[PDB]
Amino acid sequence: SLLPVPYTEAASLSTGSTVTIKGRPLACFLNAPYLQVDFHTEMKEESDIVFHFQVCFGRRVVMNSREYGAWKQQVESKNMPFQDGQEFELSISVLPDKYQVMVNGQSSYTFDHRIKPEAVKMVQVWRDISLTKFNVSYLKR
């Protein structure tokens, strides 16, 4: 739709930051579209990933980190609040101990910090979605 995908925005994160994403899958769930949100340590796409969030719509969610080029311990979830054929609202909050992912207002995943959020310099949103809104909040000290 309106925002380019893959979507890249230079970003900084700290405790209390919220990343808000509104979008829609590009295919019915039967065809297994993906969504991926990566919090990167540099603007280069090859850079480390502090928080990797990958939705296989209708099937599972995978979370991990890529640290000095290597993927670490995968977290796999079958929780699937996303609805077939529907627009979704995604909110990722930077809490002191973890990321908290809200989906359409509902707490849906959390992921403990493995690298401090201050290491983030870029956010990329990509795979089989269109996007109409992306925001990183910058209200807190």
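Start at 1 and count along the sequence shown; that's the residue number.
Annotation for 28-36 versus 83-91: the higher mean temperature factor (C-alpha) is found in 83-91.
Of the candidates 131, 122, 119, 19, the one whose C-alpha carries the top B factor in the deposited record is 131. In the deposited coordinates, the residue among 74, 54, 47, 107 with the greatest CA B-factor is 74. Split the chain's modelled residues into thirds by C-alpha temperature factor. Residue 63 is in the middle one.
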